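Comments concern the structure below.
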Amino acid sequence: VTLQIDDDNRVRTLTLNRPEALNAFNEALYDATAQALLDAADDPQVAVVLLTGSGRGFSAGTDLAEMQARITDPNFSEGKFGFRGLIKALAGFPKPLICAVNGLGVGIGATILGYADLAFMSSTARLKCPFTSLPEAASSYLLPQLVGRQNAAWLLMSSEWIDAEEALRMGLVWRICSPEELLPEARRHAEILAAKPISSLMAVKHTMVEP
Amino acid sequence: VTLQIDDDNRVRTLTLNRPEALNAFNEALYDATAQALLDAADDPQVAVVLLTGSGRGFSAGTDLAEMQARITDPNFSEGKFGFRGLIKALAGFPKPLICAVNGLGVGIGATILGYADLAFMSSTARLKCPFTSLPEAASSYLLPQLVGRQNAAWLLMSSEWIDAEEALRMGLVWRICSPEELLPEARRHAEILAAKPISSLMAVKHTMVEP
Amino acid sequence: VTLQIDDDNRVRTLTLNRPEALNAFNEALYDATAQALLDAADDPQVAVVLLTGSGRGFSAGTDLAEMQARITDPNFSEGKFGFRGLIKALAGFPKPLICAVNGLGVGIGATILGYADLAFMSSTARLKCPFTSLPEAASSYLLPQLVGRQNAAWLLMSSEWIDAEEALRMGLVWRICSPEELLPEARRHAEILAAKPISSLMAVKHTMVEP
Numbered sequence: 025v026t027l028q029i030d031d032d033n034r035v036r037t038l039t040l041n042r043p044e045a046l047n048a049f050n051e052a053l054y055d056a057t058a059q060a061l062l063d064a065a066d067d068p069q070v071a072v073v074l075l076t077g078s079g080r081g082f083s084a085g086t087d088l089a090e091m092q093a094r095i096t097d098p099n100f101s102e103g104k105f106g107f108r109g110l111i112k113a114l115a116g117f118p119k120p121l122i123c124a125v126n127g128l129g130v131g132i133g134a135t136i137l138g139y140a141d142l143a144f145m146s147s148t149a150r151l152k153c154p155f156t157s158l159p160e161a162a163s164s165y166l167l168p169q170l171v172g173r174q175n176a177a178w179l180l181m182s183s184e185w186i187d188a189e190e191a192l193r194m195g196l197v198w199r200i201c202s203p204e205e206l207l208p209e210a211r212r213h214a215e216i217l218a219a220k221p222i223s224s225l226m227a228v229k230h231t232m233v234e235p
Numbered sequence: 025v026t027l028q029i030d031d032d033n034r035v036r037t038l039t040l041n042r043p044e045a046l047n048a049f050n051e052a053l054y055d056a057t058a059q060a061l062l063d064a065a066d067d068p069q070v071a072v073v074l075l076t077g078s079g080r081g082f083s084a085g086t087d088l089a090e091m092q093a094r095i096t097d098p099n100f101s102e103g104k105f106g107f108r109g110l111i112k113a114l115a116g117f118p119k120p121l122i123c124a125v126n127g128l129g130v131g132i133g134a135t136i137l138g139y140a141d142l143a144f145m146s147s148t149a150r151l152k153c154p155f156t157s158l159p160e161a162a163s164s165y166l167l168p169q170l171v172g173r174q175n176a177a178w179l180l181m182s183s184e185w186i187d188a189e190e191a192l193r194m195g196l197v198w199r200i201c202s203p204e205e206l207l208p209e210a211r212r213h214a215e216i217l218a219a220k221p222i223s224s225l226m227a228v229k230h231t232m233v234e235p
Numbered sequence: 025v026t027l028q029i030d031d032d033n034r035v036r037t038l039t040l041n042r043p044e045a046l047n048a049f050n051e052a053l054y055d056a057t058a059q060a061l062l063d064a065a066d067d068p069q070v071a072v073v074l075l076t077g078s079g080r081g082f083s084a085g086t087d088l089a090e091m092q093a094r095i096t097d098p099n100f101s102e103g104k105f106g107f108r109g110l111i112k113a114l115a116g117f118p119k120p121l122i123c124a125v126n127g128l129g130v131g132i133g134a135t136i137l138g139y140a141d142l143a144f145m146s147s148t149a150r151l152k153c154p155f156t157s158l159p160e161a162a163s164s165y166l167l168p169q170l171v172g173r174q175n176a177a178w179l180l181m182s183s184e185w186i187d188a189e190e191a192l193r194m195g196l197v198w199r200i201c202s203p204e205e206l207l208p209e210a211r212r213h214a215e216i217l218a219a220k221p222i223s224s225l226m227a228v229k230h231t232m233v234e235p
């Protein structure tokens, strides 16, 4: 399975589970993640979603090796959702979304933070938006609004790694945690939110995300 | 009197004065505060308003005990302004507004900071938005714009206390002061602003608040 | 010459060069700077512009002494661009713009930072917006968006000096540097950006500046 899903005290944890590929999103992982979010959106026993990665990476982003195979096959193939479908699930997700960035986040592995209501980042993790060394409309409205024009310029134009202290200093993530405290801290905050009525969490989220 | 009003060097200080009720806004205090702001807006001898609380609280927010009495009385009763009228006075106030948060700020006692041009907070004060354990459209546009999506999510969804260092780290307040330095620092900054021509203070405020 | 222009590794450095007048913009310097930006915008060998000042000042802002002479001459005279033309060149500049604030920045010498994609500031530099002791629509949308309502209120209403640590704390500048490290650090970051394809730098900038 490319995506592990587990419930605990009304927090649904999605753990990206292609650790050998640094949790790069192939089509199957894009599809699984997007579907997991729609399901979470609809499930009355889920208050909060927590997203994290298995192993040393958070997500290396789009799986470019699979993408090469797909464009060179006799017949092109796609997932039901793909990148485009994940962005729409993320953009419309009506419940609190918490990211626990456990290691490298590249491309969508970094820009996904624009849809997070809270982001915790391991002190050993780093982020990169590699667009200029190689983005979506949503990311480039959301990120500048979060970190300001200057921080966003460096993040999105440089293709340089951004470390945990820089990400926090930017306001790109909310808290830095030691590697071993990341999930305990993220989960503790998720459980505070998840104890609240789901209806009122959704109403607050909607009032702050509408513009 | 529920609201003390005093002028000194063209700064009008409004001191919420129900210290036994932690300066909870009953209808009479909502009315007095809203009226005090319209008057300040119109008074040519007032450049700046400084808002603070008497005693250990800044404001415990809407007086829920009075609200219970009102909804259980034979006849319902209201103030000329109430909550709704205070928000409109705050939203339209055309002069610099400085808040000196001297202690607990709950509900509107916290979200009122979205209308502040500067906010100073005592190092022993804490803030709470209790909506989810129990908001207005304005607060949830203004606050996210001030503190960013992630800080706003925690503030508005958690119903947890936010201490002085957290409020500053968020950008929810501008400066932290020791308890004894709060009013002297707030007043010193208010007097710098108040020495300027009122016309030009209003023009600058209007140019930065229009969108 | 009032403006020195030099190319090095696809970074074009504009060095304001009226050091005796603390790099105040007379009409000739407004015209030279605006023109230098249009040219840079069009030049395919320029990826990034770096703007800094010669001598102890970054820019003292509009040259008020020249302005007095102009309004008291028999015949009024103007530059092809002036203040108005510089703002339009700045607002439309489609490539990364980096400011290296080497000393005092007053009026437009401070508000020009609202158009910077990155701003580095010497630890001995200070900024001032003197409007109230004496602004444009763009500055007062851009600056509040960058530093938040409270920081913007102090910056734009107080007419007080803002030092390097305050400017950084506000988010008005991205990094503080020792005086001797300012240009080396600004240039190092400019060269990271400038190594990228110009087309993709412009596309990223446009996606983050459109709203």
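So the sequences go chain by chain: A, B and C. Under our numbering, the first residue of the first sequence carries the number 25, and numbering increases by one thereafter. Under our numbering, the first residue of the second sequence carries the number 25, and numbering increases by one thereafter. Under our numbering, the first residue of the third sequence carries the number 25, and numbering increases by one thereafter. Think of the CB as a built atom: it goes at the ideal place given N, C-alpha and C, for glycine as much as any other residue.
Item to check | CB contact below 8 Å: A/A188 versus chain C | outcome: Not flagged as an interface residue toward chain C: A/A188, since no C-beta distance is shorter than 8 Å.
Next on the checklist: Considering just the uninterrupted stretch of the alpha helix (DSSP H) at A/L40, what are its terminal residues?
Outcome noted: Counted as a single uninterrupted DSSP element, the stretch harbouring A/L40 is not any alpha helix (DSSP H) but the beta strand (DSSP E) occupying residues 35-40.
Checklist entry - Counting along the chain, where does the beta strand (DSSP E) carrying A/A161 start and finish? => result Element bounds for A/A161: n/a, residue is neither H nor E.
Item to check | Under the three-state DSSP convention, the category B/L46 falls into | outcome: It is coil, neither helix nor strand.
Checklist entry - Who are the Cβ neighbours of A/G138 in its own chain at under 6 Å, not counting the five residues just before and after it? => result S163, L166, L167.
Next on the checklist: Please identify, using Cβ separations under 7 Å, the residues of the stretch 133-148 of chain A that lie next to chain C, in order along the chain.
Outcome noted: Sequence-ordered contacts of the stretch 133-148 of chain A with chain C are nonexistent [C-beta pairs closer than 7 Å].
Item to check | Beta-carbon gap between B/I132 and B/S101 smaller than 8 Å | outcome: No.
Checklist entry - In the stretch 117-163 of chain A, which residue ranges form an unbroken alpha helix (DSSP H) of at least 4 residues, counting only runs that do not cross its ends? => result For the stretch 117-163 of chain A, whole alpha helix (DSSP H) runs of length 4 or above, ordered along the chain, are 132-135.
Checklist entry - Going along chain C in order, which residues have a C-beta closer than 8 Å to the C-beta of A/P168? => result The contacting residues are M232.
Next on the checklist: Given a cut-off of 8 Å on the beta-carbon distance, is the pair C/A210 and C/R34 in contact?
Outcome noted: With respect to C/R34, C/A210 sits apart: the two C-beta atoms are not nearer than 8 Å.
Next on the checklist: One question on the structure: do B/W198 and B/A149 come within less than 8 Å of each other, judged by their Cβ atoms?
Outcome noted: At the C-beta level, B/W198 and B/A149 stay beyond 8 Å of one another.
Next on the checklist: Using only the alpha-carbon positions, how far apart do A/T156 and A/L179 sit?
Outcome noted: In a straight line, the C-alpha of A/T156 is about 11 Å away from that of A/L179.
Checklist entry - Should the stretch 226-235 of chain A be called in touch with the stretch 65-73 of chain B, which here means at least 3 C-beta pairs below 8 Å? => result With the cut-off at 8 Å, the stretch 226-235 of chain A and the stretch 65-73 of chain B do not touch.
Checklist entry - Does the separation of the CB atoms of C/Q28 and B/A140 fall below 8 Å? => result Contact annotation: C/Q28 and B/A140 have beta-carbon atoms that are not nearer than 8 Å.
Next on the checklist: For a cutoff of 8 Å on Cβ pairs, would you count C/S224 as touching chain A?
Outcome noted: So yes, C/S224 belongs to the interface.
Checklist entry - When DSSP labels each residue in this structure, what does A/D187 get in the three-state scheme? => result It is a strand residue.
Checklist entry - Within the 8 Å Cβ cut-off, does B/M91 reach chain A? => result No - not a single Cβ of chain A is within 8 Å of the one on B/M91.
Next on the checklist: Excluding the 5 residues flanking A/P98 on each side, which residues of the same chain have their C-beta closer than 6 Å to its C-beta?
Outcome noted: Cβ within range, chain order: n/a, list empty.
Checklist entry - Going along chain C in order, which residues have a C-beta closer than 7 Å to the C-beta of B/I216? => result Within chain C, the residues near B/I216 are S182, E184.
Checklist entry - Unbroken alpha helix (DSSP H) runs of length 4 or more, entirely within the stretch 178-231 of chain A: which are they? => result 188-194, 206-218, all fully within the stretch 178-231 of chain A.
Checklist entry - DSSP state of A/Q69, grouped into three classes? => result In the structure shown, A/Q69 adopts coil according to DSSP, grouped into three states.
Checklist entry - How would you list, in chain order, the residues of chain B whose beta-carbon sits under 8 Å from the beta-carbon of C/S157? => result In chain order: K220.
Checklist entry - If you draw a straight line from the C-alpha of A/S78 to the C-alpha of A/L38, how long is it? => result Their Cα atoms are separated by approximately 10 Å.
Checklist entry - Buried or exposed: B/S202, going by 16 or more other Cβ atoms within 10 Å of its Cβ? => result Exposed.
Checklist entry - Taking Cβ positions only, does C/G195 come closer than 8 Å to chain A? => result For C/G195, a Cβ of chain A is located within less than 8 Å of the residue's own Cβ.
Item to check | Delimiting residues of the alpha helix (DSSP H) encompassing B/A84 | outcome: From DSSP, B/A84 is part of no alpha helix (DSSP H); its letter is neither H nor E.
Checklist entry - From this set, C/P221, C/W185, C/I200, C/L192, which residue's C-alpha is nearest A/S183's C-alpha? => result Comparing alpha carbon positions, the residue from C/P221, C/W185, C/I200, C/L192 closest to A/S183 is C/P221.
Checklist entry - In chain order, what residues of the same chain have a beta carbon less than 6 Å from the beta carbon of B/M181, not counting five sequence neighbours either side? => result Excluding residues within five positions, the ones whose Cβ falls inside 6 Å are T156.
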